[PDB]
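Colleague: need a 3D model of the following:
(2 chains)
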Amino acid sequence: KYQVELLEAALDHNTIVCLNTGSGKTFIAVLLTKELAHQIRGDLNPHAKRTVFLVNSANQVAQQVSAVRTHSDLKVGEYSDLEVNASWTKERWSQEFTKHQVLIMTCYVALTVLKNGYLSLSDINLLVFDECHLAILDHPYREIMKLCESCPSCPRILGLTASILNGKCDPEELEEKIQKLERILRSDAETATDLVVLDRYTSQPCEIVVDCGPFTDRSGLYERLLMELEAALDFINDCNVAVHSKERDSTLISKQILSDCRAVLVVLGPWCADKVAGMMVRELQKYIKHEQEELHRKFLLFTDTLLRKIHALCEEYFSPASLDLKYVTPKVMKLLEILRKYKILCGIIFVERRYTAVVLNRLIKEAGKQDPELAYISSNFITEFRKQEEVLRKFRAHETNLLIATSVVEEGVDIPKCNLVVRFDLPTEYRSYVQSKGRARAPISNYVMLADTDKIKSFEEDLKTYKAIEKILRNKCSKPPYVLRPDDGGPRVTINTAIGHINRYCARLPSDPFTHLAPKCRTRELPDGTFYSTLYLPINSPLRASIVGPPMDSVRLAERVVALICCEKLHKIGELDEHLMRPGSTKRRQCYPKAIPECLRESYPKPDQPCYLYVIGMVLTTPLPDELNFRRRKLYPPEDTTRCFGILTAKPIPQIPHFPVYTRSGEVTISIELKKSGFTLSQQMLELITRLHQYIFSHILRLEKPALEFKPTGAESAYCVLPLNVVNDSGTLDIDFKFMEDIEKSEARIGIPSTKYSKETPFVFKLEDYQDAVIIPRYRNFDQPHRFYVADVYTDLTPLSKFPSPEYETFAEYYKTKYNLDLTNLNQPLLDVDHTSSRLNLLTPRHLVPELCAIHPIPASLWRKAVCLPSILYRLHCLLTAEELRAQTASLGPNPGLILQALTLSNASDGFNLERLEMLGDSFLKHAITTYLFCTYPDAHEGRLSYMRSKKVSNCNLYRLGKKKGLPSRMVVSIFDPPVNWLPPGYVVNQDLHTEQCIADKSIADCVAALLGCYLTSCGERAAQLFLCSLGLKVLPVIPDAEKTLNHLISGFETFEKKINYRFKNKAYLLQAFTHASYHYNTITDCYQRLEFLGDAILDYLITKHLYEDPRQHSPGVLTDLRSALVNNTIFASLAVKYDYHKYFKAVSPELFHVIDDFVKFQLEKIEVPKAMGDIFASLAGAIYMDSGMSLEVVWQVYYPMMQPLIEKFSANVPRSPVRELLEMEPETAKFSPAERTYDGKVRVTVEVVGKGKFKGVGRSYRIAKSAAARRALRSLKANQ
RNA sequence: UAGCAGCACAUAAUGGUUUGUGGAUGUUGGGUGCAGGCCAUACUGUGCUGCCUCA
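Modeller: Numbers count the residues shown, from 1 in each chain, chains lettered A, B, ... in the order given. Sure, the structure comes next:
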């Protein structure tokens, strides 16, 4: 609160302020400059009034000038070099004054230019004095000020200083310095320090003093120790008189060690110090070796001699195992009593030296362990480059209740509220008292001091002096009842609870660690003296207007009454109530039945209904390349064959797009085209068709699984498949009745033929009969058929020819010996054969003696065309399901091909996957939901928006909607394994892997997302938005001084508007965008948090669209990696800094200010990423979209040039998440071990790549450790490549 | 172009052994991390193969 009070005080009247550190100094300076900068902008004659800075030293000039230039928008000018400045003339300073707006110069230069008068006193606006204390002394600032005050119209001077309280006899010296300073500056002074502010607002801590008396040892060993200390001093004197070199100071370590020894012995016990001394001796021996002078080395050896002498005296210690409070310093007993009194216990102890702190911690720990009563003890200590990391680790260990610390604890650490601040010794200066007492912020705050009885005499007057200084500092700073309804509704309301209610209401509002929530109240003054209070809620509140009540004299009455009437408005908003206050998880899986399209259901042909016939046109569009071909059997284009299959059905089949299949010839396109229609069949003919269909199916494919049994009727899939041939030589295909009936009467219909070949009736071979032939060997595998295609006839090869193996000379010998088979004809040819395809999943690309054989009835050309029949029929079922879904949802529709892409899960391993559509649909879903919420509920804050958005887009909600609309029932998940899972038509299981599929809810949600991606990529944005309404997700509609204050407050954003290359028709949205929560002066508009919600969703949807439309068509892993990279907040922050948005951003949080000040120089070189930068970056995008009338394309032309240099870099070298990257490289062999906690508190994880090694990684979190382990694994694997 | 049993060698794995080395509460060294050198059990892959589907 002090920062806001100082800012508004400086705004109201000329202010003098005493600071503590340079951060606040620069901060208040630049902040007031920004606040009053509106008066400087504009090269207009009636107001050409500038701002000037006066400094004493060049180094500070450079520091401040650079800080202002970097973080300010106004151009800056410097006139520091006195000789150069003085070597100038009036007409050349003229253009210098005209050029820059902010001027910085040294004291001598300032006095020179003021003396000459060029810098008009009326042209200065904010005369800021740095190190204002110099004005007290005989400094040129006095002359400068008498000059300025001589003018009629004067600037708003400000004095900034930090050297106050440095006096000796402060109770009167400070008063005189303050009075003389203020009368010179003719202004009011305000002061603000952490402790004084905390005590002013709370005044909770209580101070306590504890007296201690000296204690000696009966053994007198203490005196022995003093005499060895004196011996050490004598040795140091001997070294001093014999240093023998002015440039050598190697004795410093020696006197430092002796100083530590005497200090620790006098203050506390020596045993801890003596024990810890050995570690320093381990380095001291190295220093001894490093020592060059033999005499000095000998002295340092005597230093070791002394240390071991004390070690020798340590033998006199009695029972070192436990001290029993018999040899410790009496202060230890006092400390133990203090600790026991409260024996929570969040205690902070202060001590002088670091070594003293270490030994004190050791002593306290040992006492706690030895004393059984000491059970609450949990102590730690505060104090190469590793030590800094250790300090950070110890900061993370802040949860310890007892912390010992040295003087460094006064700053640089956000210690929580403490209930017990122990001061082990008398503080040296009032400032130390301030910093030390400024930490006991707990309610039960006890600031306890430990002091020797003798020294209390001085400490008493010191305490008096300190409290007097605090008192003068404080003094200088000082200088009907509401009811819901008449009868019922809830509890009564009292006047005193109003402040508490307002406070908790303020606490309810959203905030981040950098912001602070607090209302502002002040009294309007009245001539009658009955000033009335006015209240202002934070900018994020739903309403922004002054709340007032009747005018009363009393402050308490006015404040409570204004709070009470405020509660009326809070309830009108609805903030007050009657009291005025797993599913969707990867684990869950369900089995669902498959569904057959309605067009295919009830398709059994019958004579009393006309029937339709479709032809399965097949064309070899893309034959396999010759180089790829290794099997080398000749290609078989099915178009040459006059025969072709077709589907006979009783109900028309809707059209479906052409689709491919992959077979021997390669990629063959299918066309299920209706060629003939409106024709019945005879009864007997119908039985012929049906029996032949069963015969062909069963025997050709051999899929008569005993679990299944045939049903001529009553099965859901009852569509017939038949062959066709050109009939009557008319070039028109038809059902070849003659061919079917001839095959039906074939003698080789069942079983192998028993040929009657003999020497009198030998076998005769006819090439034409074997031109197209499938032959079944008879002799081999009786009752176990094996079919082969005829490749070609090798007339040159005969049974009498030479056999390959040396076991037999000829094939005839092989047949006569291994099987004893007679051949009637000896001089007859042989032919080559090929094995019938054992594989049946053709849905995706994976890249003999004729006498013994028997001719199969069906020709091999038709057999080859039949091998694709199951694949084609299954794909037909899939496409028909997809088309039915598309038509139902339509009732310019989306392509069923994309629908198929959206309905197939990745587990199926199908060539058509389900990721790109998923990603696009998910992004669009988020954007649509966010836009709907923004439009439907204008009066809502970020908490409500974010919670409702996450609830609406919740995966459980998506699962519920999908199941409600029946969407999950349509996907395909199982890999196509027809031998196991396929249920062919006419066959059903006779009393699950056939009629049921198990799918996870995650996959269901992914499919629903893909559907959205499909519709967005096909039917356009409007149709995609309408799709959610079709799904039921409601996202479309059902179907006094403002101008002058805005005109002033807009300041100079025009120079930014030219950078963004765009101008809004309404100026309110710029202010909406950049209005931070802390800059409460803007009472006209809302904050930026509301614009964050819309801006993020806009930029996410735009970036996802741009990545998806990339013609490279990266894999889903790359897409996910790129999405995470582009959406990363560090990236958005870097982009904001690259385009200097921070130069125009305005905020009040000093912590945020310092963080940004560091962050900006970090990027200027080219580390905490400030969240505000990303927030403003998103909010600007939201502003562009809001003014553009819901036109995304306009936002794209604005932001694409901004993003263009980054996407090129990322696409050129995509950063791949190590986790998913490893999972993709080794989806099965990579196994991650459970989380293991190491002794240092970190988590160790082991990843095992089966067959490639185990890798261990350590990290603060399980995810980080996994990432490190994956990185190590990938690095090893690539090194091994 | 099928199935299966041995052999050479690489691998990391679960156990140990031993030389060196580390900061550490180090009551006078068993708490723990990383290099070399060995012993046992066990996994995968290319070859040396061998038998055995079909001709």
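Colleague: give me the residue from the stretch 401-550 of chain A nearest RNA strand B.
Modeller: Minimum separation of the stretch 401-550 of chain A from RNA strand B (Cβ to the nearest atom of the strand) falls at residue A:404, amounting to 14.4 Å. In this view, the C-beta of every residue, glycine as well, is placed from N, C-alpha and C.
Colleague: that residue belongs to a strand, doesn't it?
Modeller: Yes. Using DSSP: H, G, I helix; E, B strand; the rest coil, the assignment for residue A:404 is a strand.
Colleague: quick one: the helices in the stretch 301-450 of chain A?
Modeller: Assigned by DSSP state H, counting those that start in this stretch, the helices in the stretch 301-450 of chain A fall at A:330-342, A:354-370, A:386-396, A:430-437.
Colleague: helix or strand right after the helix or strand in which residue A:1100 is found?
Modeller: Here residue A:1100 sits within helix A:1089-1108, counting by DSSP states H and E. Downstream of helix A:1089-1108, the first helix or strand assigned by DSSP H and E is helix A:1116-1127.
Colleague: buried residues of that following helix, list them for me.
Modeller: By neighbour count with 16 or more other Cβ atoms under 10 Å, helix A:1116-1127 contains the buried residues A:1116-1123, A:1125-1126.
Colleague: for the closest residue to RNA strand B within the stretch 51-200 of chain A, give me the backbone phi and psi.
Modeller: Of all residues in the stretch 51-200 of chain A, residue A:194 sits closest to RNA strand B, at 34.0 Å by Cβ to the nearest atom of the strand. As for residue A:194, its main-chain torsions (degrees, to the nearest 10) stand at phi -50, psi -60.
Colleague: wait, it sits on residue A:436?
Modeller: No. Residue A:194 is beyond contact range of residue A:436, at 11.3 Å (criterion: Cβ atoms under 8 Å).
Colleague: neighbour count: those two, which is higher?
Modeller: Ranked by neighbour count (other Cβ atoms under 10 Å), residue A:194 and residue A:436 place residue A:436 first, with 21 against 16.
Colleague: spit out the contact partners of that one.
Modeller: Contacts for residue A:436 (Cβ atoms under 8 Å, 6 or more residues apart in numbering) come out as A:350, A:410, A:421, A:423, A:427, A:447.
Colleague: and the helices in the stretch 101-250 of chain A?
Modeller: Counting by DSSP H, counting those that start in this stretch, the helices of the stretch 101-250 of chain A are A:107-116, A:140-150, A:170-185, A:194-201, A:221-241.
Colleague: ok and the first one relative to helix A:140-150, angle-wise?
Modeller: Orientation of helix A:107-116 against helix A:140-150 (axes from the mean of the first three to the mean of the last three Cα atoms, to 10 degrees) gives an angle of 30 degrees.
Colleague: helices and strands around helix A:107-116, which ones?
Modeller: The contact analysis (3 or more Cβ pairs under 8 Å, 6 or more residues apart in numbering; DSSP states H and E) places helix A:107-116 against strand A:51-55, helix A:82-86, helix A:140-150.
Colleague: re the thing from before, buried residues in the helix holding residue A:1100?
Modeller: Across helix A:1089-1108, burial judged by 16+ other Cβ under 10 Å covers A:1089-1105, A:1107-1108.
Colleague: alright, that wraps it up for me.
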